[PDB]
Each structure stands twice: as structure tokens, then as C-alpha cells.
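Working notes, structure below.
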Amino acid sequence: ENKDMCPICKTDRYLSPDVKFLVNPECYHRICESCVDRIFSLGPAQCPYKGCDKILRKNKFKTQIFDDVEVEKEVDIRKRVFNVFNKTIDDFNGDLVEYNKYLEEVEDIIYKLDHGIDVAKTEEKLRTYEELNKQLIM
Amino acid sequence: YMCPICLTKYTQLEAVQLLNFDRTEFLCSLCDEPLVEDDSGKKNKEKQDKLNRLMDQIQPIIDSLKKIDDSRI
Amino acid sequence: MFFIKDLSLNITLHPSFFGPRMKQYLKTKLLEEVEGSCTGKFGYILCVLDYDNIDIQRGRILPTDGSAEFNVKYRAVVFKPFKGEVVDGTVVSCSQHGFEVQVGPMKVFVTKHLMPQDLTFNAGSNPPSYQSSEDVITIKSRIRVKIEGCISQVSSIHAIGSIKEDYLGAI
Amino acid sequence: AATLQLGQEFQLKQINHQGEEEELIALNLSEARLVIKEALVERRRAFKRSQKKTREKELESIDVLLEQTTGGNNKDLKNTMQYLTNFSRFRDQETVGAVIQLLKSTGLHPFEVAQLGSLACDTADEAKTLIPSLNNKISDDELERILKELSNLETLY
Amino acid sequence: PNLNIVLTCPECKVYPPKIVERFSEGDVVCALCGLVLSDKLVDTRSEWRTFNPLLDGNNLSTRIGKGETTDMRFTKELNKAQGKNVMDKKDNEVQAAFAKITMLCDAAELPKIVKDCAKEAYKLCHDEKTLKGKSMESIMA
Ligand SMILES: [Zn+2]
Ligand SMILES: [Zn+2]
Ligand SMILES: [Zn+2]
Ligand SMILES: [Zn+2]
């Protein structure tokens, strides 16, 4: 937060926190404009956010401004899952139990995705997304 | 570039004027003795750390200043 | 570049060449040391026109060496390079710091720090040549070349160009 | 520099050998191809006058002929030429004289149109890319109408 | 780079330079082959005939004074001031010991030679933490 907002500018709340601390949809990290720009400009290099080695991508970042990254992961994961499972049957005929259960199943992957317990079911959730994406293509 | 013998600085262009068809490397006009490259961006990195260090030093100062700037007292 | 021009020359006759066909020797000395030679003030004197109306107006004798001399006001053609203009060229020689475009009478060698980032050197090429994202800057390749530094010393020029702007590259 | 800043010996305002002014004289390497071969052909029959008391093979056959009419140390010239024929895409002299009829009926700088005559351009920004100095002096539609004229005027041999 | 010239015959190239010197008419001639090499050989002798760097080394300064077209003020300022630029040099303790032995070698009549060596050695060391003072006298002794 006020003590971790970048590899470079970790303390940025009182350093005019107007510059953008982007999460790469694959970084989930607080990267001040200096480092994140430095990175995607050269390209997908890691954001050195506190020993980090995860590739701060090229210009594919999203916006997450300090939204409790446990939520930012929980928010970024749910939308893609809710997009991968976009409308797998939820209003095909108007059912409320199955749709909500399918909904109760829908974000249960996201809750698992936001958790990633011992991951072997999150991988199973990914195969469902590929199955959901394969079903979407057809 | 430079020359490292008579220690006079050189470059791409002045010296490519001096390249010879029978040669791959730029001799020196002065000592007739081929050159070497010269510069180092290390100092820019050295300057990057100093601004990093100064901002870390100056944040509590600019915390208080802006906090003082509310009532101009 | 190619321009056409009026040039004056002050030529000197050692006296033993005061046979009346000196004029031919004037026309001789003019021709055989103007063609294909160079200046730094006008560049490469490629060729000379109007050999029949040659100004050989008047001449003077120097108080030493007794040698009569003349000012031959003559028109020829001049290769005169400048900076910043695109010009084609077919490379001839490759080295490590870039490659050598045969531009007309000149061999403009372009630098790798004048090549853009896409094109690099494959030494494994033979003839050694440059392989880019899209095309190859070979020797025999016709390249579109702009001039960046065109060093003209009196009787001696050499020039530097880069394709790093557009509608450039191998053609 | 490209910025139409050529030296004083290459201003527009230059004097003849008879002390009188003239716009600068600047050709494309295609027309400047033509004058040399004909002019050096003046020399050669004239060399053989006082002596009385597709194309590229045409090209070098002469570049031996004027070679042997010259002293020989000028292999560089027949380089200059051999450069040209590759990069000189004009033939049929009147066209080039008429090309200029078009290029001069503008009142443009000859350096440009001669450089225009030196280039196989296609379109506006291309022309303005290759020559910055033809980025704004004119309306490019003129440049454009010319270019397609020029691009099909291209005598392909 | 050494910025040198080695003198050498262009029409012999036979050997390291085996020539002779024609001072009295100013040329060097290829002793073997007979060709002059250089010319306008300047006087190298009448040069000195007109007129302490082993001690003083490299520094420069001058002895100066009052004129005929002058008043006692300019005499006085160049008396005080030409004492003001001697502290730039410890060489007051370099020069004065000279002046000391200068006085002294005189006083006991010593020749020029004794003095110069007795000057020269004074340049040699002139100091060390080992010497560390030592009275500035017993050293001069
Ligand atoms: Zn930072
Ligand atoms: Zn991150
Ligand atoms: Zn040197
Ligand atoms: Zn000799």
C-alpha cells in the first residue's frame, strides 16, 4: 500500500499517487509508472517488485488500483471465468436453482482460482475453461 | 570512439571518413594506430539510484511539507 | 548528386612545351587531369563538355621558372553529395560495422548503428550480408540510401547514410 | 543537407563562364546518364576527328568505347554509369525533356525534380518521405498526378 | 606515439644513419652516397656565447628592482610584494639554505665546487620524516 506500490517507488501514496500501479493480468503486482513503463516498453520483463521474477508483460496490463489484491486476483479470476463460462446454461429456459447452482459452480472455480488450494482442481478448472472455450467456438 | 594511445576521443563518423578500403578498423590520424569504442551508460544507472535514494530520503520531508501546505503554517 | 557547372583552372606551362600545338597540350593537360578526378568544393568531376569552345584566353609568365601560365575557363560535370537526401545504391562490400553501397562513383558504407533494429548481421551469409524481418541487404542488393554525413575534403569525399527512415531498405 | 542547403558553389544564383547568371543546373542520373554518353561520343568521333589528320550490353559496349577513347584510368566513370543504368529508369530522351516540361512548368526547385527524376516513387508521403523538402511546398495531388504519370511514364526495358 | 624523427638516407636506406655534418655551410650530406639531407643548419654554438636548476629544478622567477624613471613607492611595493610570492614555495627553506651555505662557503673561502655539491646534496634529500627537522643546521653542516 503506502509502503509497497512499486519495485522502485514502493512508497507512493504520499509521493503524489496519481501515476498508475498496473497489475499485468499476469503480475498481480503494484508497479509504479516508472517501472511498469520501463518494462512493457522494453517488453515483457519481470517487474522487480520485492524480489519478483514474474514477467511484467508488454502492454497487456489491466487496472487494479489497490483493490486488495486478494480481491484483484479474485476479481481478475472471476471475470475471465465468468467470461469463459459466459452464459453456460443460466437462462436457457429460466431455471433459478440449476443456473444459480451452475452460478454457484461458476464462481466456485473463481473462489478456487482466487485460492488455488493445492492446485490440481484449478488445473481442472482450466480444462473446463478450454472445454467452455471449445464449446463457445462450436 | 577514442584512441587509447594518444588518448584523443573519436566517433563513428570522423573515423569512417578515415577507414581504408584495405582495412576493417579505424586507424588513428595522429598515431596511425587503430581505435577503440568509448562510453558507458553505467553512469545513467548510477544516476537512477541517486534519484531513487533522494526520493526515499525526501518522501517524509514532502509528506510534512504538503501536510504543512494545508494552512500555510 | 549530379550537377553541371562552370569551373576555372589556372594551368602552368613549363616552357619547353611552347611548341604551337601547346594548345592541344592545354587541351591535353585539361582533359587528362579533370575527368574522373575530384574536388572537395564541387566533388567528383565526372566528365567535361564543350571541348571545342575551350576558353584558353590569355597567359602570363612567372618571374621564376619562366613558365607561362593560363586560366582555362571550362564547363564539365560534377558529382557533389550533400546530407539528408535518399539515393539508391547497390552494395559492394560487407564488413562488421555495416556495409558498403556502391553509389555511383562513391562507396557509402552504412553503419549497424545506422541500420534499424530489425536487420542484423548473419556472418553465416556468403557473400556476408544482412538478413532482416522482411528482406536481405546483400551486396548486389539495390538499397534506398539517404545521406547523413558526407565528408568532403578538397580532392577527397566520403559519405555516410542510413535507411532508418521509411521507403528505405533493400529495394 | 536535405534541407535545400547546398553550398554557395551550388546556389541557384550562379554565373556562366561569360559572367552572367543562371538558375542552377541539376539533372537526374537518368538524363545525366544521357548527356555523358552523347557528349563523350562528341569526344570520340572528335578524337577520331583530329585523328583523321536489352540495354546494359549497349551500355557497357559504349563504356568500353569511351573507355578506349579516354585514358582508361577512369573505370570509376563506367562505375558511375553502371550504377546509373540500374538506377536510371528513363529512356527516349524527349520524354525526359518533356518530363521536365512537366516538372519545370511548376516552378519547382530543379534539385527536387531532378531528384524526383532520380527516384522511382509511387505516392505522396513516399515522395515526401524520400525527399522531406517535397513535403509541403506544393499540393501533393500535383505530386500525386505526376507520380502516376511518372510511374507509368516509366520506360521498362 | 613518441613524436620523433629518425634521420635516415632515402637513397641509401643502407644502415642506421651514417652521414656527416656540414655546419660551416649548414647541411647534412649522405656521407656515403653524396646527397644532402637537411639544410639551413642553424647556429648551435654562437647561441650560448651570450650568457639553480639542478637544485631549483623547474620553477621560474626573477630578481628585479627599481628604475631610473621611478619613485620610491614603486620601489617599495616591489620590495614588499617580491617577498609575498615566496611562501608559495617552501623553497624559501630551499633557497635560504643555499643563501645560508652561500654566505657560509664564502665565509670560510670555500671554492665554487664545494658549494655546488654542498648545494646539490641539499637538493637530494632536503627532507624526510627520518630527518624531521634535525635543527636545519646539523644537516647543513
Ligand atoms: Zn517504483
Ligand atoms: Zn506483478
Ligand atoms: Zn591516436
Ligand atoms: Zn645515401
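Convention: chains lettered A, B, ... in C-alpha cells order; per-chain residue numbering from 1; ligands numbered from 1 as shown.
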Pick out the residues no farther than 6 Å from ligand 3, counting only C-alpha atoms and all ligand atoms, and list them as a ChimeraX atom specification. /B:3,5-6,28,30-31,33
Show me, as a ChimeraX atom specification, the residues that have an atom within 9 Å of stretch 12-20 of chain E when counting only C-alpha atoms, minus same-chain residues fewer than 5 positions from it. /E:6-7,27-33
Keeping only C-alpha atoms, take the residues you just selected and write them out as a short mmCIF file (atom, residue, chain, number, x, y, z; two decimals), in the first residue's frame.
```
data_model
loop_
_atom_site.label_atom_id
_atom_site.label_comp_id
_atom_site.auth_asym_id
_atom_site.auth_seq_id
_atom_site.Cartn_x
_atom_site.Cartn_y
_atom_site.Cartn_z
CA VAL E 6 64.91 9.36 -37.11
CA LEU E 7 67.31 10.80 -39.67
CA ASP E 27 73.86 20.88 -44.22
CA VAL E 28 73.94 17.18 -43.55
CA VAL E 29 75.13 15.15 -46.51
CA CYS E 30 74.80 11.45 -47.13
CA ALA E 31 78.44 10.75 -46.33
CA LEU E 32 78.32 7.59 -48.42
CA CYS E 33 76.01 8.49 -51.26
#
```
Report the closest atom pair, with its distance in Å rounded to one decimal, for each residue of chain B that has an atom no farther than 12 Å from ligand 1; count only C-alpha atoms and all ligand atoms, sort by chain and then rising residue number, and write it as a Markdown table.
```
| residue | atom | partner | partner_atom_place_in_ligand_line | distance |
| --- | --- | --- | --- | --- |
| B:48 | CA | ligand 1 | 1 (Zn) | 11.5 |
| B:49 | CA | ligand 1 | 1 (Zn) | 11.6 |
| B:51 | CA | ligand 1 | 1 (Zn) | 11.3 |
| B:52 | CA | ligand 1 | 1 (Zn) | 8.7 |
| B:53 | CA | ligand 1 | 1 (Zn) | 11.8 |
| B:55 | CA | ligand 1 | 1 (Zn) | 10.4 |
| B:56 | CA | ligand 1 | 1 (Zn) | 10.7 |
```
Provide as a ChimeraX atom specification the residues of chain C at most 10 Å from chain D, counting only C-alpha atoms. /C:1-8,31-32,35-37,41-42,44-52,55,73-75,77-90,102-106,142,144-150,165-168
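Among C:164, C:21, C:60, C:158, the residue with the shortest atom-to-atom distance to chain B, counting only C-alpha atoms, is C:158.
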Length of the atom CA of residue C:10 to atom CA of residue C:70 vector [Å]: 5.3 Å
List as a count of residues only the protein and nucleic acid residues lying within 7 Å of ligand 2, with only C-alpha atoms and all ligand atoms counted. 12
Can you list, as a PyMOL selection string, every protein, DNA or RNA residue that comes within 10 Å of residue B:27 when you count only C-alpha atoms, leaving out same-chain residues fewer than 3 positions away? chain B and resi 3+15-16+18-20+23-24+30-36
To test your reading of the structure, identify every residue in stretch 3-140 of chain E that backbone DSSP assigns to strand (DSSP E), and report it as an MDAnalysis selection string. chainID E and resid 20:22 27:29 36:38
Hey, what's within 12 Å of residue D:151 if we count only C-alpha atoms and toss same-chain stuff fewer than 4 positions away? As a list in words, please? residues 89, 90, 99, 116, 117, 119, 120, 121, 122, 123, 143, 144, 145, 146, 147, 155 and 156 of chain D
Which of stretch 50-140 of chain E end up as helix (DSSP H, G or I) when DSSP is run on this backbone - answer as a ChimeraX atom specification? /E:72-83,91-107,112-124
Restrict the distance test to only C-alpha atoms, flag each residue of chain E within 12 Å of chain B, and return the flagged residues as a PDB file with C-alpha atoms, in the first residue's frame.
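Printed below is out-v7.pdb as written:
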```pdb
ATOM      1  CA  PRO E   1      53.476   7.978 -30.024  1.00  0.00           C
ATOM      2  CA  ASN E   2      56.874   9.464 -29.116  1.00  0.00           C
ATOM      3  CA  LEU E   3      56.616  12.203 -31.802  1.00  0.00           C
ATOM      4  CA  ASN E   4      60.137  11.541 -33.088  1.00  0.00           C
TER       5      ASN E   4
END
```
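One distance worth recording is that between atom CA of residue E:95 and atom CA of residue E:111, which is 19.2 Å.
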Could the residues of chain C within 12 Å of chain B, counting only C-alpha atoms, be given as an NGL selection string, please? :C and (92-100 or 107-114 or 148-153 or 156-161)
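Separating atom CA of residue B:68 from atom CA of residue A:20 is a distance of 25.9 Å.
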Taking only C-alpha atoms into account, find every residue of chain A that has an atom no more than 10 Å from chain B, and write it out as a tab-separated table (two decimals) with N, CA and C atoms, in the first residue's frame.
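Contents of the output file iface_4.tsv:
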```tsv
chain	number	residue	atom	x	y	z
A	8	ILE	N	10.40	0.23	-7.54
A	8	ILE	CA	11.17	1.46	-7.45
A	8	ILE	C	10.51	2.35	-6.40
A	9	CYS	N	9.26	2.73	-6.65
A	9	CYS	CA	8.51	3.61	-5.76
A	9	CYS	C	7.50	2.79	-4.95
A	10	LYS	N	8.02	2.08	-3.94
A	10	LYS	CA	7.13	1.31	-3.08
A	10	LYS	C	6.28	2.21	-2.20
A	11	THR	N	6.84	3.34	-1.76
A	11	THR	CA	6.09	4.34	-1.00
A	11	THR	C	5.66	5.44	-1.97
A	12	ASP	N	4.41	5.36	-2.43
A	12	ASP	CA	3.93	6.27	-3.45
A	12	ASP	C	2.62	6.97	-3.10
A	13	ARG	N	1.95	6.58	-2.02
A	13	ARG	CA	0.68	7.21	-1.67
A	13	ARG	C	0.86	8.70	-1.37
A	14	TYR	N	1.94	9.05	-0.67
A	14	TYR	CA	2.24	10.45	-0.37
A	14	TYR	C	3.33	11.01	-1.28
A	15	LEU	N	3.68	10.29	-2.34
A	15	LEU	CA	4.55	10.80	-3.40
A	15	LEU	C	3.75	11.17	-4.64
A	16	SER	N	2.57	11.77	-4.44
A	16	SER	CA	1.59	12.04	-5.49
A	16	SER	C	1.16	10.74	-6.16
```
